[PDB]
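Structure record follows, encoded as structure tokens.
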Amino acid sequence: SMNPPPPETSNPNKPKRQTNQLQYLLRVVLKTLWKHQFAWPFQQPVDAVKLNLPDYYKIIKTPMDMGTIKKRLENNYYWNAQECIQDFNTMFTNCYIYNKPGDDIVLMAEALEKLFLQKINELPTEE
Ligand SMILES: Cc1noc(C)c1-c1cnc2[nH]ccc2c1
């Protein structure tokens with residue numbers, strides 16, 4: 001089968017900013033999740049071919065992963081923190097949509113999401 005192109009991480013005509021909230025999303029939020037023992041399945045787009053999941057991109061139409069988020073943050077792709085927060089939430093939601101309750105991958109997403117919520121609870125006010 002075939003994978004779709006990954007989400008874009010570069011777009012020169014999309015307005016961009018570097019804000020203190022976005023810096024926090026990279027330095028604290030992404031870094032915290034990335035190093036977690038359960039991060040690995042989320043560090044790159046789902047390879048539906050290698051995983052033999054031909055229905056994945058039939059069901060998931062807005063794919064997202066932390067590899068993409070990391071690149072977006074490092075390359076200042078975002079205008080605001082809410083855009084990036086939405087990407088994280090999309091990543092988690094996709095996992096819950098595609099998989100079954102209790103599946104290992106769902107337990108992994110839940111652990112990462114718990115940490116995500118802990119960190120964004122202390123998102124700094126905009127400077
Ligand atoms: C399946 C599935 N649904 O969401 C995610 C993330 C996956 C997913 C992604 N990469 C993986 N690598 C090894 C297992 C594995 C599972």
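Residue numbers start at 1 and run along the sequence shown. Counting starts at 1 for both ligands and their atoms, in listed order.
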Task: Location of contacts on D65 toward ligand 1, heavy atoms closer than 4.0 Å - done: neither
- [ ] To the nearest 0.5 angstrom, please state how far the CG atom of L115 sits from the CZ atom of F38.
- [x] 11.0 Å
- [ ] Name the closest protein heavy atom to atom 7 (C) of ligand 1, giving the residue it belongs to and the distance to 0.1 Å.
- [x] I105 CG1, 3.8 Å
Task: Atom indices of ligand 1 within 4.0 angstrom of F42 heavy atoms, with elements - done: 6 (C)
Task: Part of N99 with heavy atoms under 4.0 Å of ligand 1, whether side chain, backbone, both or neither - done: side chain
- [ ] Please confirm whether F92 and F116 have ring centers closer than 6.0 angstrom.
- [x] yes
Open item on the list: Within ligand 1, which atoms have a heavy atom of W40 less than 4.0 Å away?
Closed with: 12 (N), 13 (C)
- [ ] Report the part of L51 (side chain from C-beta onward, or backbone N, CA, C, O) that has a heavy atom under 4.0 Å from ligand 1; answer both or neither where that applies.
- [x] side chain
Open item on the list: As an exercise, state the distance from CG of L30 to NZ of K35, rounded to the nearest 0.5 Å.
Closed with: 11.5 Å
TODO: Under 4.0 Å from a heavy atom of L53: give me the atoms of ligand 1 that qualify, with their elements.
DONE: 1 (C)
Open item on the list: Regarding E74 and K70, does a basic nitrogen lie under 4.0 Å from an acidic carboxylate oxygen?
Closed with: yes
- [ ] Measure from NZ or CZ of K16 to the centre of the six-membered ring of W79 and say whether it is under 6.0 Å with the direction within 45° of the ring axis.
- [x] no
TODO: Considering heavy atoms of the protein only, find what lies nearest to atom 10 (N) of ligand 1 and give residue, atom and distance to 0.1 Å.
DONE: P41 O, 3.4 Å
Open item on the list: Other residues, nucleotides and ligands only: do more than 12 of their heavy atoms fall within 6.0 Å of NZ on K100?
Closed with: no
